Every structure is written in structure tokens, then in C-alpha cells.
């Protein structure tokens, strides 16, 4: 795997692109999304400063809010690209406005998943994929830049958050939504990430939240007492993808049960289909395979997904039933980007076409540019061999 060797595959180079052009493409993407036109191109916004210095947020234009997903993706992209100033401003904003520090609040230790741009929470509860990316990006920051102090003690912050993700007790208390009860973010017996710690829907998961690539990092650098738990979560997620992904298409549902079956949320029953969340599953298993080489099922799963999308040439939707019936929409940059990341594990040379498809894209503009753009930039980094495991001491 790439971590053992230190050699990350540059998939664009493998399909013939020059280093200079690959650098241009990444730099273009970053400049557009972080510094492009404020009304049409950017997702990064400077938001003044406080005692920790500059503040900035990643704007979910798609839904007119700031999400923990976006903030955590922003931190991952910026640490991968060695953009410490931007990283620190985003983290300051998350730690200042999103982080719940009150021990009598049910979200204690976590980050409010949906915020307004002025720092006011829409929902105090967390979205655990946010936390997963925050922790990992923080460990990567510690590896690349070393640890500062206070909120900038990246490794100490990571350790604390990750420990709490496992060990948080049940808390009932007031929130912006009324009294709520929430638990830990990983199920202790299943060793799987939850869809929500809200006790009302706590015993479910989401295949796109399974990040064995990252759990391997935690298994090496977390607080010693939790390392076996994270190693277990990595094994469990690999098995999870084998059960959750449809056997013909390798499409996964947005939401799931611990046993691998789709879960229909009462407020969103179409969560049993392959939609916006599930686009990311292939990236998660493919990254894991590329880095660690342990998911023996990943190459066949990536080949199946790409074979399926080849059948959709010229009529690609972006919403599907798990057996491959189109459920609406046209092609999106986000899905193109995610499908390209399947090339981190695929063996069939049709992968060349998916990587080439991502190469041909431009950065996104307009109202839906956030979800498209953050996936695009992450996919560009993966496919360029520039998204690495930065493992701290």
C-alpha cells in the first residue's frame, strides 16, 4: 500500500498528463473555490477574527448554511495542500462556533452539524462524518506543521475529540431544538460510526461515513487504550462495504443498518437509494485499498461500480436504486469526481476513462457549487497522488 511504500499513485500521470498540467489543474481548483468570485465560485469566506486570529468558513451554497462536513473537508483539503493559514482560520471558526463545550448539553464534545454564517446553530447535534474528518485532518496537521498550543495543539485536540467519540456517556439536556438525549458517536459493540448520537435514531449508520482509511491512522496514533477499537472499526468497515454494496452494481444506500441493509429514515424514506451521500462510498473503500492494501474486496467493488456507470454513458443520472434503476437528475461534477476515485482500487482499464472524465471538468459555479466543488478538489488530490496519510509521532 501507499503508506508502507510512501509512493502514492498519480493516476493523472498514469493516463498521460504532465506534472506541470496536473499542478495547474489543482491550483486552478483551489483558487476558484477558495478565492474565486464571492457570488459565483468561492466556497471559502473570511469572517473576521477573534482571540485565536483569523476566522473563515466553508459555505454550503447548495443549502444556504455552513456544515461540519464542509468545514472538515476544508481542513482536509488545506492540510493536504499545505495551506496552513486557511486550515487555521476554518478550524478556529469550527472550534469557536460549532464545538459544544457544555458538559450538561447532549452534544458535549461534538460539533453542531448545520450553522448559519453568523455562527448561530440550526441544529446543535453533530453529523459524525464531520468529526471523522476533523480528527483525521487535525492529526495530519500535527504531522505536517507540528503542534501549536491551545486550539492549535492539533494532536491534543484530535486525541480529546476522538476519545470522546468513543467514550461519551448518555446526556439528556436542553438544546436549540428542545430537550434531547444523545450518546457516543461509535456503537461500542458494532464498532461502527453512527448516523446520529440522538437516541431516537442512534442505532443506524451510513456507508459513506465508514472511513477505514482513517481508522488505521487512529489505530496508530490515538490514545493507547482505544487503538484496538479503531483497528476493529477498520476491519468492520471493510466487511460493511462488502455487505452494504449491491452485488451487481456496488451501489450503496445513503443510510443503513449495522447489519449492512438499507435504512429508510422516517423523515427521508428515499435514504434507501444511492443518492448524494452514497456517491462517496467508493472513494472511502478505494482510498483504504490504495493506502493500506487490506480490503481484499475493494478492487472488485470498484470494477463493478465503474462497469455499472459505463452502462449509463450518455444517460447518466445522479440518483439510483441499488439495483441500478435511474431515479433522476443528470450528470454532476461530484459524482464524476467520486467515480474517478474508484481508480485508486479498480483493475479494469475502463478506469482510465473515468479519470479522464474528471480531468476534462472545470471548477463548478452557481448555486450547487459546494458539494460538487469539495468533492472535485478532493478527487483531484486523490487522482494526482497528493492526498496522503500524514501520520504524526
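Positions refer to the first chain, counted from 1.
Q: Is the mean CA B factor in the deposited entry higher across 56-64 or across 344-352?
A: Per the PDB entry, the higher value belongs to 344-352.
Q: Can you tell me whether 156-164 has a higher mean C-alpha B factor than 204-212 in this record, or the other way round?
A: The stretch with the larger mean CA B-factor is 156-164.
Q: Just grab whichever of 288, 225, 86, 132 has the top CA B-factor as deposited.
A: Within the set 288, 225, 86, 132, 225 shows the top C-alpha B-factor.
Q: Specify which of 271, 252, 114, 169 carries the largest Cα B factor in the deposited PDB entry.
A: Highest CA B-factor of the listed options: 169.
Q: Please place residue 246 in the lowest, middle or highest third of its chain by C-alpha B factor as given in the entry.
A: CA B-factor rank for residue 246: middle third.
Q: Among the modelled residues of its chain, does the C-alpha B-factor of residue 229 lie in the lowest, middle or highest third?
A: CA B-factor rank for residue 229: middle third.
Q: Could you tell me which third, lowest, middle or highest, the C-alpha B-factor of residue 31 occupies within its chain?
A: Highest third, going by the recorded CA B-factors of the chain.
Q: Split into thirds by Cα B-factor across the chain's modelled residues, where does residue 277 land: lowest, middle or highest?
A: For residue 277, the deposited C-alpha B-factor lands in the lowest third.
Q: Determine, from the deposited record, the chain-internal third of the Cα B-factor for residue 148: lowest, middle or highest.
A: For residue 148, the deposited C-alpha B-factor lands in the middle third.
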